[PDB]
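Peer 1: After the structure tokens below, expect a handful of questions from me.
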Amino acid sequence: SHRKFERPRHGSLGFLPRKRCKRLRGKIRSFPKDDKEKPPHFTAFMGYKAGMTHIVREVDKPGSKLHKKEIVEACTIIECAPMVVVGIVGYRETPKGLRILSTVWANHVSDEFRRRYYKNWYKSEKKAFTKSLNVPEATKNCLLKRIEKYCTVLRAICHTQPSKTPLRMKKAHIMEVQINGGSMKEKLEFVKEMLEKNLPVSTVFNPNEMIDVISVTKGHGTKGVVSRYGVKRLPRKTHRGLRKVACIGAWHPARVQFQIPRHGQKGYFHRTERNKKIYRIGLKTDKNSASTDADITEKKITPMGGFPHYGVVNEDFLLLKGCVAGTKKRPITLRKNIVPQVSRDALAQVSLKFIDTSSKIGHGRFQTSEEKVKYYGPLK
Amino acid sequence: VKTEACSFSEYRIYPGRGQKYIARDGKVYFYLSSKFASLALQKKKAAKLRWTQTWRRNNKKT
Amino acid sequence: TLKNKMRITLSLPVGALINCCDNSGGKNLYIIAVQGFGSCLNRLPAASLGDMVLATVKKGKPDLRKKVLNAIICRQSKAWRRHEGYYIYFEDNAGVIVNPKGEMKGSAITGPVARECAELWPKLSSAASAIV
RNA sequence: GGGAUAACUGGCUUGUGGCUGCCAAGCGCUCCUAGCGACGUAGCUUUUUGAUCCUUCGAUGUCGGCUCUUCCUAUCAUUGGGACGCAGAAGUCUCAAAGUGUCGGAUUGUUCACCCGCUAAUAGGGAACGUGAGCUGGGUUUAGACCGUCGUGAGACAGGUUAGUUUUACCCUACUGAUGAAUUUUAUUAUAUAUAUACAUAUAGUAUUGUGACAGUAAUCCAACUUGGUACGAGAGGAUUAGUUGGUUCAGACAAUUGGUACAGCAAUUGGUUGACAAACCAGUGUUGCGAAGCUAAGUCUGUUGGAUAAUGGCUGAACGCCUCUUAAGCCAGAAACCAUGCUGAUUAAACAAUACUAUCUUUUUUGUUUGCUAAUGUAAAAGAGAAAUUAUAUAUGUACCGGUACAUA
RNA sequence: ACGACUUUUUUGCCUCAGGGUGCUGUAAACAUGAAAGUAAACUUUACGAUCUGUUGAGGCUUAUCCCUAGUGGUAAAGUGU
């Protein structure tokens, strides 16, 4: 007979099987669609998660109960060292999907890139890449011409510079970024012109932009069904434990139906977050990157005592509204929105009012060490 | 920019940090941190805890 | 007249007993259901400052007893996040009894009253001795 | 000893129950059918109860609750429609619909029931009457006991009431997660500068980037206000629709803030103990207060738009001079439905591409393949294995002028 | 869980230390200081919970906190192709 009362099932089916991700680095499943009229441009950008802070923002939004006042909001910080482009890829459409036609490389690639195509850089003789890199410019042009003639999508091979970060690893993160824009010729022109130079975030995004964020979730190992799926606990009296589901299916059909949740891996899952607004795009050179019109104090984004487990941001950075998947020290992939966004949110202009730089190790009392020293006075 | 000021501590409160307690009388108390909040709740007089700024002011130790 | 409350943390699940705090002659109010509460498998109905409850009077004048009666919550001690950036809590939980469209039964609300409730009920706001 | 034979499922049938029809005497102010519908009559269903006794008595663990999942539709709500005894509003009947949802309690062992309250609605069902190597054991169905009636008695009771052990997974499969080699009777969407070429290409080893078949799939409903005290209405009342601002329920994350958490750490202190001071220890964590970091919710963020349609409304239009949504041919707009898009997996494809670097290696000729080993053979297809226009089907194709025209051609 | 994965192997990394950041709440030590009083000298000497001064001190702070070309370190060389 039917169950006595009805509830939604615990947990979405839509992410099963809940196994570990293949790779630490994220992957774009799909890019924005290529609207012809727009100029050639990058669609994605690679970054590292540094931590969260809070921000204070004044709200325009009319007819809201909140309305005029400033509000306090959580926000994430993603350090973005400028990407270096190293290769050009041309794909062509077949009934059996996209197949790569050829790839053309730059005339140099740095050691941080090179390290990724090895496991054991110290032990190796470091003989990778050198002879292909040599081959003369006519050859490159011939392949480019072949790409130019037939290919339907062009993507650029970009990489992170992890030495411009405080992170432990020196094997760079390589990732492909699709180019959307004009004619194949223009697309090719833009990548060729870009090629061996370095690409900062300001070239890819704009203030007030809405962005999609792709990241691998925080790991927990194997976790119990209650934790992993949200199942309500059984009563105390229960003989063989309580923290476990009380049925795993009917007698017929005579197998465990998959839909019932069981114990297992939790976290280290791939996840695509949509529609997060960028509140500010920092500039490395500026001393006043975390300053505001309201504050007028000289200070950097890096909070007092440094970010927990990430320390000191030193390059350019994105201050992103709210939260985004995965841990401290994790790579984050930024992606452009699939369709240009037409919401009342997407038009809006965020004049942020204050950025906290107090501690996130214990409960911060000051915005800088200079403030702290001033507050106490002479000490031993 | 401006900062509120604490009641139990004399510390300055940057926005988005501490908590607010309204007493039955209608008196609002702003505490910078949880520790200050518990100390107040248990009804310690601030001028008797040596670390806290209030003692320093009282004991001519400024 | 508006009812766009804005999220304020759940507190006061059903069977809660709160102070009455007015000149009705009720001394306490026992909340038995909350208006507009969801349908859900095993979650207790529960309130917050902006919510309209249905309660009974255990202790108080006799004619206030036994009848189901509408009330509005005025004070709560479960902490909530006000969007300005700090956590509020009152010393003790309190509501006031009302006519079904929210008209206050007595004449004066003795405690202080959260502004979050005041904005949501003009006819109640008036008779509040202070708004916080 | 017995399934030769009851109490349990399943099976047949469906009297009984439930559900749907058909008729039209009437009811419905007048009016068969807006809504009904007797007298009658035909079915369906197996959620009821029977009838039955095929299966199990060298044991299918016998009610209910809890938890959990999936299926169904005979739709309760939500979406889209049509009809009305429909002015609006409220609503009734009805069609596509199973996407999404379907609650808090009081009382009872309860299925059932009855209230009370919320609600958007508190729909109906199935899965061995779903769910006892998941639990629970209140009920019924052991031994003790009580009271009544019944029995001369021992004792009986589809009467009540009370105390009454709930065993085993480490097997196989399944399922959830974790690894992981092997993969030539095998593959293949090209290669080469308007022309070539499968009778061909493909060593291998690491590694990176992807490809993405195929499989999975998720968001949901409400309030408030503006539209409007308008339309409509005799007044009373009183909208759809957009739009704006919020919230619910779920999902997916996350910890800046807040809260929770302590065998990081400091401090306090009771009893004992090292002669005291100091340092400490011990009381299975001595006991307290605060308590970073990390987890964590009751805290924070985030949750698309096309294609093709159903119901249905239409259009052109014969059959049938007229008419006709097509109950012909030809068409169109149109739903929480369907499929994409999107998102997750993809040793689910014993799948695959590009690229970097590398290990005597490549070609031709000759002879051979009649201590476990240290020369060495297999064919699902050789006997001329011959054949690149392309488009129709109640006409095609060239060529010439400018899909039309002309002329050839099968 | 183990595997696995993520890393690094001398412009690194581990290691301490210094600095940063917090967390705790003002150490021991000394005073011909204060202190309810008390007792005993021919005004000075005894005992004294506790308190004040030197003292926002002392202690702790990566083991899964931050910074430092600051200190000292950095072996085995196996095995498969």
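Derivation of every value follows stated rules applied to the coordinates shown; laboratory data play no part. Positions of Cβ are generated from backbone atoms using ideal geometry, with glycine treated the same way; all protein chains shown enter the neighbour counts.
Quick grid of which residues meet (1) more than 8 Å from RNA strand D (Cβ to nearest atom); (2) of a type in the set (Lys, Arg); (3) crowded, with 20+ Cβ neighbours inside 10 Å; (4) not in a strand (DSSP E or B):
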{"position": "A:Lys38", "(1), (2), (3), (4)": "yes, yes, no, yes"}
{"position": "A:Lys68", "(1), (2), (3), (4)": "yes, yes, no, yes"}
{"position": "A:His108", "(1), (2), (3), (4)": "yes, no, no, yes"}
{"position": "A:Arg116", "(1), (2), (3), (4)": "no, yes, no, yes"}
{"position": "A:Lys119", "(1), (2), (3), (4)": "no, yes, no, yes"}
{"position": "A:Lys127", "(1), (2), (3), (4)": "no, yes, no, yes"}
{"position": "A:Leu133", "(1), (2), (3), (4)": "no, no, no, yes"}
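Peer 1: If you check C:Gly111 against the conditions, is it under 30 Å from A:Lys69 (Cα atoms) and not in a strand (DSSP E or B)?
Peer 2: Judged against the criteria, C:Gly111 is not a match.
Peer 1: What number goes with the only condition from (1) under 15 Å from the mean Cα position of the chain (by Cα); (2) farther than 30 Å from A:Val72 by Cβ; (3) more than 11 Å from RNA strand D (Cβ to nearest atom); (4) not aliphatic (A, V, I, L, M) that C:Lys101 does not pass?
Peer 2: Of the numbered conditions (1) under 15 Å from the mean Cα position of the chain (by Cα); (2) farther than 30 Å from A:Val72 by Cβ; (3) more than 11 Å from RNA strand D (Cβ to nearest atom); (4) not aliphatic (A, V, I, L, M), the odd one out for C:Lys101 is (3).
Peer 1: Residue by residue through the range C:83-112, note down the ones that are of a type in the set (D, E, K, R), touching a strand residue (DSSP E or B) at 6+ places or on another chain (Cβ under 8 Å) and surrounded by fewer than 17 Cβ atoms within 10 Å (Cβ to Cβ).
Peer 2: Hits for the range C:83-112 are C:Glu84, C:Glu91, C:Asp92.
Peer 1: Looking at A:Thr333, A:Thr272 in this structure, which one is within 6 Å of RNA strand D (Cβ to nearest atom), among the hydroxyl-bearing types (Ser, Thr, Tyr), part of a strand (DSSP E or B) and in contact (Cβ under 8 Å) with a residue 12 or more places away in the chain?
Peer 2: Only one candidate qualifies: A:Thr272.
Peer 1: Is there any pair with a first residue in the range B:1-23 that is more than 12 Å from chain C (Cβ to nearest Cβ) and a second that is in a loop (DSSP other than H, G, I, E, B) and of a type in the set (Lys, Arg) whose Cβ atoms are under 7 Å apart and which are 6 or more apart or on different chains, and what are they?
Peer 2: B:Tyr11/A:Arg365
Peer 1: Look through the range A:338-377, keep the residues that are surrounded by 17 or more Cβ atoms within 10 Å (Cβ to Cβ) and among the aliphatic types (A, V, I, L, M), and return whichever of them is nearest to the other protein chains (Cβ to nearest Cβ).
Peer 2: Of everything passing the filter in the range A:338-377, A:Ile355 is nearest to the other protein chains (Cβ to nearest Cβ).
Peer 1: A:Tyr375 fails exactly one of the following numbered conditions: (1) over 15 Å from A:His54 (Cα atoms); (2) in contact (Cβ under 8 Å) with a residue 60 or more places away in the chain; (3) not aliphatic (A, V, I, L, M). What is the number of that condition?
Peer 2: (2)
Peer 1: Counting only residues that are more than 24 Å from A:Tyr375 (Cβ to Cβ) and not basic (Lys, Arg), which one in the range B:24-54 is farthest from the other protein chains (Cβ to nearest Cβ)?
Peer 2: B:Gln42
Peer 1: Right, another one. Given the criterion more than 16 Å from RNA strand E (Cβ to nearest atom), within 28 Å of A:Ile281 (Cβ to Cβ), hydrophobic (A, V, I, L, M, F, W, C) and part of a strand (DSSP E or B), identify the matching residue among A:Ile77, A:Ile55, A:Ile28.
Peer 2: From the options A:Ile77, A:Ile55, A:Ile28, the qualifying one is A:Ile55.
Peer 1: Could I ask something else about it? Go through (1) within 13 Å of RNA strand D (Cβ to nearest atom); (2) over 14 Å from the mean Cα position of the chain (by Cα); (3) small (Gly, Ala, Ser) one by one and return the number of the condition B:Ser33 breaks.
Peer 2: Of the numbered conditions (1) within 13 Å of RNA strand D (Cβ to nearest atom); (2) over 14 Å from the mean Cα position of the chain (by Cα); (3) small (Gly, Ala, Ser), the odd one out for B:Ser33 is (2).
Peer 1: Could I ask something else about it? Within the range C:7-17, is there a residue that is closer than 30 Å to B:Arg17 by Cβ, outside any strand (DSSP E or B), without any contact (Cβ under 8 Å) to a residue 12 or more places away in the chain and among the basic types (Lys, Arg)?
Peer 2: yes
Peer 1: Same structure, new question: Out of A:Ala346, A:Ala246, report the one residue that is among the small types (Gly, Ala, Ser), over 30 Å from A:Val373 (Cβ atoms) and outside any loop (DSSP other than H, G, I, E, B).
Peer 2: A:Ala346
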